[PDB]
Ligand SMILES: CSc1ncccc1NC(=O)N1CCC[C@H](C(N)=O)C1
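Starting off, we have a lone chain in the form deposited without the named molecule, written out as structure tokens.
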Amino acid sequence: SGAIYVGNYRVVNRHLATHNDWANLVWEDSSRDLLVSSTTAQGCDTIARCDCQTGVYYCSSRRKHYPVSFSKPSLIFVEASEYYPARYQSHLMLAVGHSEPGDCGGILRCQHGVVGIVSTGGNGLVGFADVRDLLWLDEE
């Protein structure tokens, strides 16, 4: 579990979105596994606007932050997980690290703020769902 809290927006894994998230929907994309909902209180997070390929992500299934190199956001094939089938997922970055289903929503950060959240795992990779292209997270 986990969420990016930027202005009056909450960014979660679409597959973990709550009834409240859907009741206060701003934007969703199943192909990216992202959903954005509106918040009453403002958020403590800043979004990275950058082409960084090195950062630190939180792994809940290890209680640990791990420094990682990660690929640029691409359309990638992703093997069947407990929360999705084997399928293509867009705007996805892969690093070499540990990711179990429960790890989804853990933050990846670089020197520029929040890059994205955990979304995929298995075979010793961790996929992150980039949010740097979502320019509208920083307005309105």
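Residue numbers run from 1 along the displayed sequence. Whichever C-alpha set is largest while still superposing within 1.5 Å between the two forms counts as the rigid core.
Just so it is clear, the following notes concern the form deposited with the named molecule bound, a form of the same protein that is not shown.
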Open or blocked? Place the named molecule on this chain by superposing the surrounding C-alphas onto its site in the deposited bound form, and call it blocked when 3 or more ligand atoms come within 2.4 Å of backbone or C-beta atoms.
blocked
Quick one: does residue 43 come within 4.5 Å of the named molecule in the deposited bound form, counting heavy atoms only?
no
When the contact criterion is heavy atoms within 4.5 Å, does residue 49 count as touching the named molecule in the deposited bound form?
no
With the rigid core superposed, which of 39, 90, 81, 71 has its C-alpha shift by 2 Å or more between this form and the one not shown?
81
